[PDB]
Each structure stands twice: as C-alpha cells, then as structure tokens.
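J.: Just dropping this structure here.
Positions of Cβ are backbone-derived with ideal geometry, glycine not excepted, and every protein chain shown enters the neighbour counts. Every number here is computed from the coordinates shown, using simple stated rules; none is lab data.
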Amino acid sequence: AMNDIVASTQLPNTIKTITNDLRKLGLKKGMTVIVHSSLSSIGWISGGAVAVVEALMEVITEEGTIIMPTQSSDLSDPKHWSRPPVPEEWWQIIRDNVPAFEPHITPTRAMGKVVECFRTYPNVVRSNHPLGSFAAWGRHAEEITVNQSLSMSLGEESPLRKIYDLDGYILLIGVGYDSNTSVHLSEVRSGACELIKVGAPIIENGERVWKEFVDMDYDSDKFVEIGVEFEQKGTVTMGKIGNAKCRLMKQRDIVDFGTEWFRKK
Amino acid sequence: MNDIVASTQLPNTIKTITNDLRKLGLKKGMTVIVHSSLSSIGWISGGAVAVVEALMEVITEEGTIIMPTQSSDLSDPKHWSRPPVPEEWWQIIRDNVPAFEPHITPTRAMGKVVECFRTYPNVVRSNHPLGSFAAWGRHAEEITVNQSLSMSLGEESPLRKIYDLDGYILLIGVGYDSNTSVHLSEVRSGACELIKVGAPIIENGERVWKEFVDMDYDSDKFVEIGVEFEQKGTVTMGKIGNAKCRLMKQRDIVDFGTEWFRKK
Ligand SMILES: O=c1cc[nH]c(=O)[nH]1
Ligand SMILES: O=c1cc[nH]c(=O)[nH]1
Ligand SMILES: [Cl-]
Ligand SMILES: [Cl-]
Ligand SMILES: [Cl-]
C-alpha cells in the first residue's frame, strides 16, 4: 500500500534530502559502490525511483561508479524454481520458448524499481550474463561489466571480483544481507555450495539457443547469519535515508569475512 | 503469483499470444493503441517481453503500435487522491520533483507491458510531462511528435493522430476505464472543465516547474459509455490466454463518446 507509505512519512524525501542523507552516511564523489535497495523503505519520495537514481549519481558523479545487480531469473531453468515453482509439465515448453537474454531489453526480477529505473539510464551499461548480469555507470562501468563468464557467473570472472579489485563499497538501502550479492563471491571462494547444471536462453552466433552450463547453487539464506556475525566487528556504517535503515561497508571486508566464515563452516 | 500459475493450463508464450491476437483480428499493417494487464492473461513464459514481441510479430514495422505512457507522478499534488498527500508537502513537491525526460521517466499505473515497450529499441515517446505516449512502427514518429502542453489529449495529441489514421484499440484484460482514446470525446464534447495544473520540464537547459491549463480528465463515465457502445455490435471479443479482450476501431468509440457526452 502507498497509503501506509504516505502515512509513515513526516516530510517528502527529495533528490536533495536523499543526497544529504547519502553524504552523511559516507558516500562521496569518486567512490565505487554497488547498491541494493527497497524504494518503499525510505518513505514517500518526490519522483520515486528516479529521485533515488539521480541522488546517487549526484553524490558519486561520473568520476565514481555505481553498480546494481540486474538478475533475470525469469530466464532460468524451471526445474529449480520454488519462488514460485511451476508444474513439471511446463518445464520443456519454457526452455523452447522463453525469450533470449538481450541486455537492453530483458527486465530484472526481484531487483526493485530503482534497478529498473537505473538500467535504462543513458550511459548505463549491462554485463552479458542471461541470469546474473549487473548494470554499471561511471568511471569503471565498462571495466566492471565486460567479459562476465557464463559458467561461475558470480565468481572470479564476474563484476563482483572487479569491485573487489577496485576496493569498492556496498550500500544496502532498507534491505538486509540476503540482498548482498557480493557475498556470493564468498561462496565461490570458499567452495560453499554444490555445482549444478543450469540453463539459460542466449543469442549465440545470431540465433536463440537454450544453453546448458554449470554454476554454483548460490544460496543467500545463509547470508543474514553471516551479516549478524560480521557487524559484531563494528566496521559497517549505519544510518538513515529517510525512514530506511541503511548500511555502508567495504566490499573486501564482507567478502573476506564471508569466505573465512564458510571455510570454518 | 501462485494464483496466476494455478489458474493457467499450459504456459502462454510468444507463439500462443501471437496466435490469440490473430484470431482476435489483429493483422499486419494495422495502427493499434494497446492497453493491458499482464496478470489477466495467465502465466507467460517471458512475461512482458513475450507480449511485446507477440504484438510486434503480428503488426510488423509496416503497422504501428501505440501505448499510453502517462507519468502522473509528476503532476501538481493539490489534485491527488490515489493517494492524496498533506498540503504542507505540495509546494515542496513542485520545487523538487524531477523534470520529465522521455527516455528516463517511468510511467505510473500503465503496467509492465508498457514499461517494457517503452524501453525497446526504435520505440519513440512524445514529450508531454504527464500524458506522453510511446509508439513503434511505420507511423511512430508522426503519432508522437509535437504534443501540446495544454489540452494534452486533445486535437494536437496522439489520440487524434490515431483517429486520422482510422486506427484500432486493443484492450487486453482491462475495461473501458483504461480506454485512453475516450478522453478525446471528453475534449470534443467539452465534458470536463479546465483546471490549473503543472509539471516539471527541461526548458532552455534547466529544470522549470511549468504552470499550464488542461482538461480535468475523468474516466468515471467510460465504463457506462462502453457498455452502451457494445450493443452496437462493433467490438470483437476474444481471449488471449485467460484475459477477455476487446478489439475495436478508434473512430467508432470516439464519435459514440462525443455524442454520448453532449446529450449528458
Ligand atoms: O516463476 C518463477 C520464475 C523464476 N524463478 C522462480 O522461482 N519462479
Ligand atoms: O501519490 C500520488 C501520485 C500521483 N497521483 C496520486 O493520486 N497520488
Ligand atoms: Cl571506492
Ligand atoms: Cl582465499
Ligand atoms: Cl528499513
């Protein structure tokens, strides 16, 4: 309900107030940052998702880099679907008919309106993976998004590793660690999960192909627990953007912690 | 979503949606303004993309597809009721809401099909900050250029261009209260009054809140008009999956509507 969102807000959030809140929390010009958001968590915003994207770009600038996950699990093999599952009798029709990934076109699923706004901005570029893409904007946009591997999509050949190499930051706006994509790189590095056979529809040599490949069975339901232990160290900056509880942290910090956590089990 | 899946027999796909459109009477070269509810169709392999691609496959670049891309999010808040907001906020809103930019501004209440449509390559969008439309195909640029600020859905609008082209209206799983073309009947009959409105635009480089006048567009009579119109028998009914659909000529409904409003 928009009703509850308006009832819960004292004054409008605007590009200007958001920009203020972001700077207060520690975002600054030139920073490399991957962002995860819930728009409704902030309270009512004048301009909605556009105001958030504009505020982020204002603070970070073209001399910095904004990254967001642009996952499209709508295109994944339906045998592994539980959110919701679909009947087994549909599975093969989906493989034969789900449209192939095209980075300018394919909508995201479960990423949020901010992401949908962001990925269609001018000068925003998207990585090539049919399930596990990211979108970036700014100084290191091209470098972060190019040459993502089909297999091991969130691993050492992915945008996550490039953010790591850039000593980047993670901003969570009113969401928890189950939305912290970067912790998948901890899974890869720790060998935390099983490999499984997955599939996705791609344009390959100029035609739709249902492509089979192997990826880790990524599982964000362990992340919340990792997050609680991580924040005992006291290296996460916490604060508000409007009504939302937000967290700013160094990506290497949580990735390294997650890797050591999985290894010790 | 579990509800959508359970009420679907086999998946809807590009191939099945194209087939349903063609039985419904859509064909190559047509000019059509489309209004839709994605969930109404049942479960779709590829969601909004599948619908958009199906419409394009049938109509082709020789025809033209139009959709409303309204962004009422940017309007003057004094007139809001869905929901309304405290008066204290109104002026703050006017001074801070971001300018309309056709390649960026999201729609409000148009549906995922429109949000997907408006981002497709070769889809062009008109420049009105509240009542823009998006178009694709032969007459896309014709239909979307030179929309007046004032009288946004009037004689200088895409609705009239569709009218001049003798185009069609396709309603997918939605009723006549989503039938944007009937606002032209409102304009023609003088069925609403004028009001003071505003919008944020890019003017000579900068953001500017621009105050203009427009019709108090009210769709509350549209359902009633639609019921009466369909006794004429000039509306094709059909199914796209689970959704009950309607295909009709735009000049038909617009003229009926104009006549309907003038007799009160
Ligand atoms: O319907 C869907 C699509 C993707 N993933 C799911 O779990 N369900
Ligand atoms: O919040 C809003 C925005 C536009 N229109 C409304 O009625 N309410
Ligand atoms: Cl940095
Ligand atoms: Cl290591
Ligand atoms: Cl919160």
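J.: State whether region A:209-265 is rounded, prolate or oblate according to the following rule on the C-alpha gyration tensor (a ≥ b ≥ c being the square roots of its eigenvalues): a/c under 1.5 gives rounded; otherwise a/b larger than b/c gives prolate, and the remaining case gives oblate.
T.: Oblate shape, in that a/c is at least 1.5 and b/c is the bigger or equal ratio.
J.: Shape call for region B:2-264 from the C-alpha gyration tensor, a ≥ b ≥ c root eigenvalues: rounded (a/c under 1.5), prolate (a/b greater than b/c) or oblate?
T.: prolate
J.: Here's something else I'd like to know. How compact and how long is region B:101-204, expressed as Rg and Dmax of its alpha-carbon atoms in Å?
T.: Over region B:101-204's Cα set, Rg and Dmax evaluate to 13.9, 42 Å.
J.: Separate question: Could you tell me the relative contact order of region A:156-229? Use alpha-carbon pairs under 8 Å, at least six residues apart, and round to a whole percent. Please report the intermediate quantities before stating the final value.
T.: On the way: 67 pairs, mean separation 23.1, N = 74.
Taking the mean separation of contacting Cα pairs over the length of region A:156-229, I get 31 percent.
J.: What residue among B:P200, B:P86, B:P106 has the largest mean-square fluctuation in a Gaussian network model of chain B, using Cα springs under 10 Å?
T.: B:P86
J.: Considering only C-alpha atoms, what is the centroid distance from region B:72-88 to region B:112-127, in Å?
T.: Cα centroid of region B:72-88 versus Cα centroid of region B:112-127: 25 Å apart.
J.: With unit charges on the beta carbons (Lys and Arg positive, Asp and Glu negative) and the dipole taken about the Cα centre of chain A, which residue among A:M2, A:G155, A:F223 sits farthest to the positive side?
T.: A:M2
J.: At 37 °C and 0.692 mPa s, what whole-number value in µm²/s does Stokes-Einstein give for the translational diffusion of region B:60-123, with Rh from the Kirkwood sum over Cα pairs?
T.: 238
J.: Here's another thing I want to ask about it. Please report, in debye to the nearest 20, how large the charge dipole of region B:199-245 is about its Cα centre when each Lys and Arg carries +1 at its beta carbon and each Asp and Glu carries -1 there.
T.: About 440 debye.
J.: Counting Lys +1, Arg +1, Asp -1, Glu -1, what net charge surrounds B:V235 among other residues with beta carbon under 12 Å of its beta carbon?
T.: +1
J.: To the nearest 0.05, what FRET efficiency results for B:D166 and B:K15 with a Förster distance of 22 Å applied to their C-beta separation?
T.: With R0 = 22 Å, the Cβ-Cβ based efficiency is 0.15.
J.: Here is a further query. How many nm separate the modelled label positions at B:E230 and A:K29, each set 7 Å beyond the Cα in the direction of the Cβ?
T.: So the label points at B:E230 and A:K29 sit 6.0 nm apart.
J.: Oh, and also: Could you tell me how many cubic angstrom of Cα convex hull volume the protein assembly as shown has per residue?
T.: Hull volume normalised by residue count: 149 Å³.
J.: Under 15 Å from a point 7 Å along the Cα-to-Cβ line of B:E259: which residues of region B:216-236 have their amide N that close?
T.: From region B:216-236, the list is B:225-235.
J.: Report the paramagnetic label zone for A:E212: residues of region A:138-152 whose backbone N is under 16 Å from a point 7 Å from Cα along the Cα-to-Cβ axis.
T.: A:151
J.: Okay, moving on. Where the centre of each part is set by its Cα atoms, how far does region A:138-197 sit from region B:217-251, in angstrom?
T.: Between the Cα centres of region A:138-197 and region B:217-251 lies a distance of 49 Å.
J.: Filter the DSSP H helices in chain B by two things, a Kyte-Doolittle mean of at least -0.5 and an axial alpha-carbon span of 20 angstrom or more, and list the hits by number.
T.: TM-like helix candidates: nothing returned.
J.: Still on this structure, please answer the following. Using the count of nearby Cβ atoms within 10 Å as a rough guide to exposure, how do B:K264, A:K222 rank from fewest to most? Mind dumping the intermediate values first?
T.: Details: B:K264 6, A:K222 18.
So the residues, fewest neighbours to most, are B:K264, A:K222.
J.: If you don't mind, another one. Using only C-alpha atoms and all pairs of different ones, pull out the Kirkwood radius for region B:152-218 in Å with one decimal. Don't skip to the end; give the middle numbers.
T.: On the way: mean 1/r = 0.0721 Å⁻¹.
Taking every pair of different Cα atoms in region B:152-218, averaging 1/r and inverting gives 13.9 Å.
J.: Moving on to the next point. What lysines could a cross-link reach from A:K245, if we take a straight Cα to Cα line under 25 Å and drop same-chain neighbours fewer than 8 places away?
T.: Cross-link targets: A:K16, A:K24, A:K28, A:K29, A:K113, A:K222, A:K233.
J.: Among A:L171, B:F100, A:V86, whose Cα sits farthest toward the positive end of the charge dipole of the protein assembly as shown (+1 at Cβ of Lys/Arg, -1 at Cβ of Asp/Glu, about the Cα centre)?
T.: So the residue we want is A:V86.
J.: Now, a different point. Under a crude label model (7 Å from the Cα following the beta-carbon direction), how far is A:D4 from A:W81 in nanometres?
T.: 2.7
J.: Using a Gaussian network for chain A with springs between C-alpha atoms less than 10 Å apart, which of these wobbles most: A:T108, A:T181, A:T237?
T.: A:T237
J.: Moving on to the next point. For chain B, set up a Gaussian network in which alpha carbons nearer than 10 Å are linked by springs, and say which option among B:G25, B:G173, B:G47 fluctuates the most.
T.: The residue with the greatest mean-square fluctuation here is B:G25.
J.: Given contacts defined as C-alpha pairs under 8 Å and at least six residues apart, what's the relative contact order of region B:2-264, whole-number percent?
T.: Computed value for region B:2-264: 23 percent relative contact order.
J.: Using a simple charge model, +1 on the beta-carbon of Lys and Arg, -1 on the beta-carbon of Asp and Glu, nothing else, what dipole does chain B show about its Cα centre, in debye to the nearest 20?
T.: Charge dipole, chain B, about its Cα centre: 880 debye, nearest 20.
J.: What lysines sit close enough to B:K196 to cross-link, taking a C-alpha to C-alpha distance under 18 Å and skipping anything fewer than 8 places away on the same chain?
T.: Leaving aside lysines fewer than 8 places away in the same chain, those within reach of B:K196 are B:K78, B:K210.
J.: What is the magnitude of the charge dipole of the protein assembly as shown about its Cα centre, with +1 placed on the Cβ of each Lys and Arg, -1 on the Cβ of each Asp and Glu, and no other charges, expressed in debye to the nearest 20?
T.: The dipole of the protein assembly as shown has a size of about 260 debye.
J.: Further question on the same structure: Along Cα→Cβ, 7 Å out, is where each label goes; now give me the distance between the ones at B:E193 and B:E62 in nm to one decimal.
T.: 5.1
J.: Shifting gears a bit: Farthest toward the dipole's positive end in region A:147-265, which of A:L185, A:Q251, A:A200, given Cβ charges of +1 (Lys, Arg) and -1 (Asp, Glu) about the Cα centre?
T.: Selected residue: A:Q251.
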